[PDB]
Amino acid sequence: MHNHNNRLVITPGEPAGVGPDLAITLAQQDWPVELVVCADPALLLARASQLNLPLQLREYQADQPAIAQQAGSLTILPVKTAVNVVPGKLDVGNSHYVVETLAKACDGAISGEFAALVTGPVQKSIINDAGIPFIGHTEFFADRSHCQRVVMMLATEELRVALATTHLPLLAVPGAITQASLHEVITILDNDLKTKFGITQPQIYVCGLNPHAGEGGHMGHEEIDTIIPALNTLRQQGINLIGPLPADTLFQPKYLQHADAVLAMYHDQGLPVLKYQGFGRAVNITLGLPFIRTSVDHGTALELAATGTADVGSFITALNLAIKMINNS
């Protein structure tokens, strides 16, 4: 989107989970944008009561100017649960409700009614148990957006890793890396660093696939046959790319500090460092969608729902990042 307004939509997600707690907790401070929470209002107020935190919900008025959200409030875009919610207890009765809040939030983000979509956790199993096709937010938003390719990034305030491949068995990773696949992934990554993170000339640092980036062909051939040629084609199109580098070189701070994003070839090459340094404030950012979407990188934490022990760090950081992307855009 070339223009962004001053309203963000938040879906708390699974009502039995901690998303509601976390939304209510986020709401105890002032924000520079309007926080439009798509959720059941009774739930939020009752969860706020269970946690002993105050909360006033303001009706969402689409035709009004955004009002920067004030401490002790949220702006509600009300959607009703079908059944009573009991914290910690999944109930198939409320899955239509969860997915409805996603649909609404996604439709808004698409049109630009909402400047960014920030998501709390949902539970795939209970959604499926209600007969609704669902894997994650990513596929639901991609399909509803008619978005043909997305790229996963995990990011903290200080470090961004994107993945060339995601939830594949290790056996399948080398075959899944092609020149075509890397072309698509890096184009999206470079495009969003510019358009979403507002970095005019992103420096993207790339991991080899093999240990020591293949050590001259002595420890694998994928760097020579596939990665290097793909990067060179992209550099011809103007994308600033350094690598491929050994992962255990690149992930030293002395080099990391130079990267705007790192592209890991596979899940466990990239995520461990981020989680190590993340202090539980890591944020999932879905690239390639036609709008800004950030997310918590934890689950529903059902056992912690309504306890006051759920950590708000991921959600606060997700919302913080969203807001910078709205602006640095």
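One-based numbering along the sequence shown.
Enquirer: Look up the CA B-factors in the entry and say which stretch, 24-32 or 264-272, has the higher mean.
Expert: In the deposited entry, the stretch with the higher C-alpha B-factor mean is 24-32.
Enquirer: Per the record, averaged over C-alpha atoms, which has the higher B-factor: 317-325 or 7-15?
Expert: Looking at the record's C-alpha B-factors, the answer is 317-325.
Enquirer: Name the one of 37, 304, 68, 287 with the greatest CA B-factor according to the PDB entry.
Expert: Among 37, 304, 68, 287, the highest C-alpha B-factor in the entry belongs to 68.
Enquirer: Say you rank 180, 189, 79, 102 by Cα B-factor from the PDB entry; which sits at the top?
Expert: When the deposited C-alpha B-factors of 180, 189, 79, 102 are compared, 180 is largest.
Enquirer: Split into thirds by Cα B-factor across the chain's modelled residues, where does residue 207 land: lowest, middle or highest?
Expert: Lowest third of the chain for residue 207's C-alpha B-factor.
Enquirer: Place residue 121 in the lowest, middle or highest third of its chain's C-alpha B-factors, as listed in the PDB entry.
Expert: Lowest third of the chain for residue 121's C-alpha B-factor.
Enquirer: How does residue 159 rank on Cα B-factor within its chain, lowest, middle or highest third?
Expert: Ranked within chain, residue 159 CA B lands in the highest tercile.
Enquirer: Determine, from the deposited record, the chain-internal third of the Cα B-factor for residue 297: lowest, middle or highest.
Expert: Highest third.
Enquirer: Lowest, middle or highest third: where is residue 134 by C-alpha B factor in its chain?
Expert: For residue 134, whose C-alpha B-factor we compare with every modelled residue in the chain, the answer is the middle third.
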